[PDB]
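> I'd like to ask you about the structure that follows.
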Amino acid sequence: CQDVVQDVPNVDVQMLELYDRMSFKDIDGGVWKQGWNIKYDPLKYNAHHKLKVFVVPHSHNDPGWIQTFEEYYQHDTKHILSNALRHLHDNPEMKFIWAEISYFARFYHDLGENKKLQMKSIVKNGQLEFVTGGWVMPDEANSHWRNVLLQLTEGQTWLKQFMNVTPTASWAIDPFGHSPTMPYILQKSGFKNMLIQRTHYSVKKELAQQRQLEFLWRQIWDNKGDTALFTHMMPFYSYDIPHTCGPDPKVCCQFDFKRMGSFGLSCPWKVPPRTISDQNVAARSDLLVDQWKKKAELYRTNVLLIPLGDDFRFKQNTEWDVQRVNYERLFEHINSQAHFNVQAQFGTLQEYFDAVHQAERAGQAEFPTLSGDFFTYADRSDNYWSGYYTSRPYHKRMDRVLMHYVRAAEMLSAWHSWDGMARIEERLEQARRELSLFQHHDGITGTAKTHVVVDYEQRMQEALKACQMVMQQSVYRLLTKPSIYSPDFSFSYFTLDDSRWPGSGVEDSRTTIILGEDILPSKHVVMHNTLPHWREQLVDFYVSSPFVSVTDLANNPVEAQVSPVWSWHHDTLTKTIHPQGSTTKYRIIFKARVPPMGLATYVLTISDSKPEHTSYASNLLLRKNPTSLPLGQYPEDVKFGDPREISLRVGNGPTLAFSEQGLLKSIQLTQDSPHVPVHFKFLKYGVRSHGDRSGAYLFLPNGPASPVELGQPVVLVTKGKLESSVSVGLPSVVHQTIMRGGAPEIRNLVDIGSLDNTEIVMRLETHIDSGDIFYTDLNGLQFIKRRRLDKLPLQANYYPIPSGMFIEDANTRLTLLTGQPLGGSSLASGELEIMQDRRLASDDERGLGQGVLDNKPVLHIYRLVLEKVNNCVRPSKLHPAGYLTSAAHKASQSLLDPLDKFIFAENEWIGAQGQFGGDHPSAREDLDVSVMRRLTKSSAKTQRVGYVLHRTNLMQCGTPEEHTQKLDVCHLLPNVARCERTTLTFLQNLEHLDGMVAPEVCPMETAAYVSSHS
Ligand SMILES: [O-]S([O-])([O-])O[C@@H](CO)[C@H](O)C[S@+]1C[C@@H](O)[C@H](O)[C@H]1CO
Ligand SMILES: *[C@@H]1O[C@H](CO)[C@@H](O)[C@H](O)[C@H]1NC(C)=O
Ligand SMILES: [Zn+2]
């Protein structure tokens, strides 16, 4: 295994180092506004060395943006695909590339058999070529790598089954900045090449000057280069025709033949295209070839890529004709005029890359190596696209909830083969496709119109219901004696209980377990643990009495804590935000211990008085002018006091101190240690009153944030043996710090209300001497070093926080893990900050045509880990990566993949068993079974199950290793007949494994395996 910590890779271009050296000046470059006047030597190409030009027709089809997926399909995409089929069928030399398989599958399934056969023929013959082949072209900033892989697999599995092709070239022309997680996944999925477009204009200028727009993109920790993927970065401001033929858009616009008038389009540079004729073709070719030769100067081979397309293009038959015929007249002239020394033709993306590599193998070019990312993007001036790291945060959080539900449903149902009548494959395909759709770069990014966001939300709600159905049917089968198991596949044997989604204060969605002497004495509950190691976690349920005790199925008592159910209300009469307690529902909390990838059953029983093994939390309301808070049968009366500082400690965990406003002020790790200053603060950013306005995409603050005025907020303190917490009702946020014995959990119920042109940020202030360095993750896969640059504006220093961020000095680190992707930064030494929500009245001029005024309450979740790191073996000062500690990684897993909780719905569960998975190996803590998916339906004689195994890399800080068993996923199911290592999409077998054993993977590596069973 390569060492991912101690060896700094030697690359030609390292983006953090490049950023430190670049000046980012926004100077007027002439017709190429963000470049320079390109010069070329006419003698470079000649009879023996021609410029080969591939014009690649394309149509960018967003799966929802300004219209829903179905609206665009009916109004635009079905016509584009129908006319592409007709035009390509009738014109053998014409080509076209297609990226979004969600639309292609929606079209293909509605085609009659004759047309399906025609479509297969134009794909098999190379006229229509799929690029990437994912369900969507995903966002790369907020998306979790697991979902990037899910959507890639959904599209490529469809293509392999119906079109018999698997793309090896990727096309990503629209995500708003680019992540190295893409080449990581693509290279492990059989890809050989990829293309990107939206990178900072200063980066395009810098790389173009050095002819470094094509590079071998490797991961930041990869010393050897085995992760490298050839990448082509486009050079110009857009993927539209005016910015793809060459440097001067006023010229290139004249070669978009859809802009002459009858189509409702024109050239903003005020010179229109003119139909090519024998009388103007020589002058028109002179102009076009000059643009091509200038673009070719920015690259190293004699093969040039000229994309020809835009949003929802190639819709009308007349458009296909006007583009094709005019370009064919130009090719016939150009290719017959020896003085140009050019051979131009329509081509596909793969044809371009194959020709580039032929040139490379002939020794005509060598390419530079590069590591790093391409965030934060700016397309012009100071317009940095860091707003979408937070926009529509409710749906960003929903993404992570559904991510976990899809994994748990696929894993729980994989253990058995299911009859078709159970509809398991049907529900899982629906859930995978809705979650995959939301990965679109106008989905999770929060950049779609309001009614489109509603459509994505409704699709994800249906997907969550599908996952619940599959999970509860699977639990009933896994934990019932087989000769008693009697399923009705439409029945709800269990209901899921989720304490953090939608969340208290967001939706009253949780069911209360109703117990009573005259109705039902007890109730079975079951926890599922999707992670491959034994895990304990506190779990809570609502119950109708405070006198409840817990037992396991061997009837052993389990220690439990009962607390009240508190709900916060913005009281419009008293004008205060304060909590109300229930006098008939209570929370019972206990530690569940669950096997690796397994299940554990417990029983909740009512008694007429306080049970021996259940304790009750005390509650203290700190506020001036208190009023009583009765809690029914709850045995401890609520206490009151004026606001004051308070300190709490659960178990042997840290001691946390809080200000009189209910906000953390310090953390003391052990009995003797210092109370380390760590303070939470909420602030607000505004919008500029002149100049460019923030919107869904852009963050354009009117200066540093201002503190939210807190008034004298009401603070609720709950102190229990198993769980304690401090909650405070602040303007727009009920902020809660929860302690269970380790790093605290933070929950914010964020309701920005009607505060227009406001972005609410949560900041942590410490005295850690971090300087200008901080770390943020990329897609939940890796942590990258960031350097705050005071030569760039505030919004350029914001980065995506898809799952966590940290600051550190020689001795101390503070890590904030998140349960949802949000934007954040470290704007000063010792600080971390993360945006909670943003409400913006204005459109930001990127085509959305609206502000962001559809905010709704969202419950954000976090874990806050303060640690000593002076003993940790960390990368050297020049290494571009960082790595979590064991505690921080476990805290992130507690947010993203918590235990699932199931409540038995009927009165009696006949044949119930106490546990499933007790014999499953408990793997080392850095290893995860990211995906477990049965790949065959029940009629297949040879069943196949796919696994994606990922090992992260955790710092070595002095804790002895201990235990753990080797995990061989190929032997998790019985009767294994074969084990194969495959691409990550499961579509190609790469290695037949000796002894049917699937080896574990190295740190930072991900592998896929398929076991076959007879
Ligand atoms: O013409 S528009 O639609 O206003 O904007 C463009 C060219 O002007 C963009 O390239 C359309 S892209 C399409 C959509 O996926 C992105 O949200 C948009 C960000 O701007
Ligand atoms: C699928 O494509 C392969 C080549 O990639 C070809 O040999 C095969 O016949 C095609 N159809 C089948 C058999 O699946
Ligand atoms: Zn797009």
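Count begins at 1; order follows the chain as displayed.
Positions of Cβ are set from backbone N, Cα and C atoms, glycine also.
In case it helps, Swiss-Prot gives these features for our protein:
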{"type": "BINDING", "residues": "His60, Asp62, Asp174, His441", "note": "Zn(2+) binding site"}
{"type": "ACT_SITE", "residues": "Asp174", "note": "active site, nucleophile"}
> Taking the centroid of the Cβ atoms of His60, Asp62, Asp174, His441 as the Zn(2+) site, which other residues of that chain lie with their Cβ within 8 Å of it, listed in sequence order?
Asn61, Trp65, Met137, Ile173, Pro175, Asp311, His440, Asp442
> Could you find out if DSSP has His60 (Zn(2+) binding site) as helix, strand or coil?
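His60 (Zn(2+) binding site) sits in a strand per DSSP.
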> Including all protein chains displayed, how many Cβ atoms other than that of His60 (Zn(2+) binding site) lie within 10 Å of its Cβ?
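If we count other Cβ atoms within 10 Å of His60 (Zn(2+) binding site), we arrive at 18.
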> When you measure from the Cβ of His441 (Zn(2+) binding site), how many other Cβ atoms are you left with inside 10 Å?
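A 10 Å sphere around the Cβ of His441 (Zn(2+) binding site) contains 26 other Cβ atoms.
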> Ten-angstrom check, please: count other Cβ atoms within 10 Å of the Cβ of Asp62 (Zn(2+) binding site), all chains counted.
25
